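Quick note: numbers below take in every heavy atom, side chains included, and nothing from hydrogens, waters or symmetry partners. The first residue of the sequence shown is numbered 1, and numbering continues consecutively from there.
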Amino acid sequence: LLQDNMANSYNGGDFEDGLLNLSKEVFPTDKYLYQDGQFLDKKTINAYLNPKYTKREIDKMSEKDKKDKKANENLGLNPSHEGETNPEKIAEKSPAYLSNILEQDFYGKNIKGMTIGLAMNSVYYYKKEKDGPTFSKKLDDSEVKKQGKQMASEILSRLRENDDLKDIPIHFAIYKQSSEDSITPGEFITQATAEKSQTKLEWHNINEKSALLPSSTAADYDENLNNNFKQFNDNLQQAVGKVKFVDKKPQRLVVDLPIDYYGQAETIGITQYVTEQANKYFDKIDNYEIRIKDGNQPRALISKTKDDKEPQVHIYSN
């Protein structure tokens, strides 16, 4: 259910791992206990994802819908439809900018910190009729960012009304999804930390690009990495990678390497060779993992973090 309230599963998965990655900076694991978010329950999140309603829109809403939607609190962060009901006109004037909200909680149970991620649309999808094709409207990049920041500010005000949450630092980050058809996921675009007791949000751009390897995108951002990956593949006589460029510098390389249904001895031999090649071609990347798998299951994992002298190798049991 990564695809729930997201453009696709890729974005859903990438958004969460990316939020976690920021949390690992702000609330390091050596200092904080990590938990799934508990303070915004799913009914509350669903209400925040609604459009803001006009008086007349609430007037004609059923008691049941008013209840499910928390209508008398009118918590929707998305643009009001302002009485408009034509799907295309809504797409033109009041498309949904906010797709999902993800919360992470941190402890030393006295909460000590929180991270809030906002997943935004780069593209708004709609149908003009029940069984009709999908239509789309491109959203403006700067408007997406402006919207995210304003929404994060309103979320922070709502959180600070909770007596348990008066004081903790709360980190916000804004993720812009790619299109539903993109295999490449979106990227974080900005973040801000409300430090102790702060009820307002000063933002820091994030210059991040998700890329496949090999690709034109990778060649564009870091030609040497792209050439090295191609050479890694050529040496393998196949492998497909993904990477983030942050300020043009590659990080968080993930490589998938499909193999045939080999025995365990061959699996070790494959890992011996691939480890050698990763040393040769990926050494400038702080964090990487290579997932070796056959058509049934993971067979081996080679991984490297910044404080690894050498890459670490795990062979999965039968």
- Message: Suppose we screen for side chain to side chain contact (heavy atoms under 4.5 Å, CB included). Which residues come up paired with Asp307, at least two apart in sequence or across chains?
- Response: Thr305
- Note on the structure: By side chain to side chain donor-acceptor pair (under 3.5 Å), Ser142 pairs with (sequence neighbours left out) none
- Message: Which residues pass the salt bridge (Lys or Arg N to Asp or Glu O under 4.0 Å) test with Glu208, not counting sequence neighbours?
- Response: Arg252
- Task: Tell me, please, which residues at least two apart from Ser216 pass side chain to side chain contact (heavy atoms under 4.5 Å, CB included).
- Result: none
- Message: Once side chain to side chain donor-acceptor pair (under 3.5 Å) is applied, do any residues pair with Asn235, and if so which ones, sequence neighbours excluded?
- Response: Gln277, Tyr281
- Under a side-chain separation threshold of 4.5 Å, the hydrophobic residues clustered together with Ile183 are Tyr10
- Who passes side chain to side chain donor-acceptor pair (under 3.5 Å) against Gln38, sequence neighbours left out? none
- Message: Suppose clustering is done on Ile, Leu, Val, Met, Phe, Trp and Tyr with side-chain heavy atoms closer than 4.5 Å. Which residues sit in the same group as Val26?
- Response: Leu20, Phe27, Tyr32, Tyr34, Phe106
- Task: Could you note down all residue pairs passing side-chain hydrogen bond (donor to acceptor under 3.5 Å, both in side chains) where residues 262-272 supplies at least one of them, sequence neighbours left out?
- Result: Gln264-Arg299, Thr267-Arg299
- Task: For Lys89, enumerate each residue passing the side chain to side chain contact (heavy atoms under 4.5 Å, CB included) test, keeping only those at least two apart in sequence or located in another chain.
- Result: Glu84, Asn86, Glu92, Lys93
- Task: Only counting residues at least two apart or in another chain, list the ones meeting side chain to side chain donor-acceptor pair (under 3.5 Å) with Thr193.
- Result: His171
- Message: My understanding is that only residues two or more places apart in sequence, or in another chain, count here; which of them pass side chain to side chain contact (heavy atoms under 4.5 Å, CB included) with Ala194?
- Response: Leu156, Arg160, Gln198, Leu201
